[PDB]
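A single structure is presented below for examination.
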Amino acid sequence: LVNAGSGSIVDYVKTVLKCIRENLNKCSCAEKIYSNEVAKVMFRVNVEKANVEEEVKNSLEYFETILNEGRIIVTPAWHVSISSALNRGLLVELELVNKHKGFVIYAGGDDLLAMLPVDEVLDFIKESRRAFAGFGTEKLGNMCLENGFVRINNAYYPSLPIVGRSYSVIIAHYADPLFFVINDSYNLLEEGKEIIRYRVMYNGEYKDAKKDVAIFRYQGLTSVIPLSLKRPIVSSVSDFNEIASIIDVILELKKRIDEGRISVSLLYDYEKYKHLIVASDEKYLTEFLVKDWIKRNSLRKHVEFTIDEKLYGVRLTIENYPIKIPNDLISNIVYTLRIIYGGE
RNA sequence: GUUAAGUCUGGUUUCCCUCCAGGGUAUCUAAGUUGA
Ligand SMILES: [Mn+2]
């Protein structure tokens, strides 16, 4: 609310909110806020009438309703803005799919149902989840998304940088019956997003979180990759890059495994380090531990690719479902690698 | 006062090692699922 204003008006609204703060008063704090509103009407030369009695009371009553109910009161402009941004993000994702040799079955606004090669699925997931939040570097036709908005030749249309987004991936044999393939895709993307909890901190406190993940499945293997690790998934221009940050790590690691700098034994050798590292309790200890686990399959001479130290302590939970999952994000990273390869 | 004649023995006994140091340091592994 206080940020929604542009101009000296923000002072009035935040001091009203302070009058709403801690059940402070009505009919009483309507002076401090008013000794500025009347100041403002006297700050001009042609004002006609003021019923500040009614007006500041209604202005406080608005925010009081907002907070008591607990939701921004929706007006038609809200709906048409969300829907327009939905369609524009859809236009972005249409050429994001086409950027990765994909075939759209249904891409409409919020959702998506495409078919891509098993090779560029991770790239597409990353770039799509970022473009949904208006954060990208490509021109996608006539549309050049810019850090939370959608620039279209000087037109800055909004985006959905607050809305999370889940992702299901089914690595399927071309002879697999599409009935069960589509049903498994839908049932993962439904069950899992409601049923999984992964560690997140907002306000500096390790809490849980449910949506905005990426589930993978390969004929029995499953993995989940959290996409935000922040509950106001972005609130600054800073956190725009944090989106899908775990995915570029998996992409880099797959970039090392292919070129023959790491051996796929990496994907079968993390279990022994996992006991040590999840009971481990210091940062740089676990840092060196993963560095040397990789440095038994080697990544490089004079190692250069470490895991970015935000990935540890992240524990993924599940509400006791047949979907078995490792309780930690790095084991899920390596299962995502197993699932991607298993389809190549 | 005088005569003669030398004869016996032919190195023993102790101590033969004592004390400390009995490994130290560095490396502790690196580099690397595909087809029906
Ligand atoms: Mn649903």
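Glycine also receives a Cβ, built like all others from the backbone with ideal geometry; neighbour counts cover every protein chain displayed. The numbers here are math on the coordinates, done by the rules we state, and not lab data.
Could you run through region A:129-159 and say how many residues are in contact with a helix residue (DSSP H, G or I) (Cβ under 7 Å, 6 or more places away or on another chain), in a loop (DSSP other than H, G, I, E, B) and either free of Cβ contacts under 8 Å to residues at least 40 places away in the same chain or surrounded by fewer than 20 Cβ atoms within 10 Å (Cβ to Cβ) (or both)?
4
Here's a follow-up. Determine, yes or no, whether A:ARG296 is within 16 Å of RNA strand B (Cβ to nearest atom), in contact with an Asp or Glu (Cβ under 9 Å, 6 or more places away or on another chain) and farther than 21 Å from A:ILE340 by Cα.
yes
Another one. Identify all residues within region A:319-342 that are surrounded by 18 or more Cβ atoms within 10 Å (Cβ to Cβ) and not polar (S, T, N, Q); write none if there are none.
A:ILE325, A:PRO326, A:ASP328, A:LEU329, A:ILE330, A:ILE333, A:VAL334, A:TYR335, A:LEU337, A:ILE339, A:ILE340, listed by residue number.
May I pose another question? Pairs under 8 Å by beta carbon, first residue on the phi > 0 side of the Ramachandran plot in region A:99-122, partner small (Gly, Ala, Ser) and surrounded by fewer than 16 Cβ atoms within 10 Å (Cβ to Cβ), six or more apart or different chains?
A:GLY109/A:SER83
In addition: Quick one: would you say A:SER185 is surrounded by 14 or more Cβ atoms within 10 Å (Cβ to Cβ), of a type outside the set (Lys, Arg) and not in a strand (DSSP E or B)?
The answer is yes for A:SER185.
Whether any residue in region A:235-246 is within 16 Å of RNA strand B (Cβ to nearest atom) and either more than 21 Å from A:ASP119 (Cα to Cα) or out of contact with any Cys (no Cβ under 6 Å at 6 or more places or on another chain) (or both) is what I want to check.
no
From the residues in region A:188-198 that are surrounded by 14 or more Cβ atoms within 10 Å (Cβ to Cβ) and part of a helix (DSSP H, G or I), which one is nearest to RNA strand B (Cβ to nearest atom)?
Looking at the filtered set, the residue picked out is A:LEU188.
Please indicate, with yes or no, whether at least one residue in region A:303-325 is within 13 Å of RNA strand B (Cβ to nearest atom), of a type in the set (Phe, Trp, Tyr) and in a helix (DSSP H, G or I).
no
Yes/no per residue for (1) exposed (fewer than 15 other Cβ atoms within 10 Å of the Cβ); (2) part of a helix (DSSP H, G or I):
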site	(1), (2)
A:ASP176	yes, no
A:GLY204	yes, no
A:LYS230	no, no
A:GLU271	yes, yes
A:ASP281	yes, no
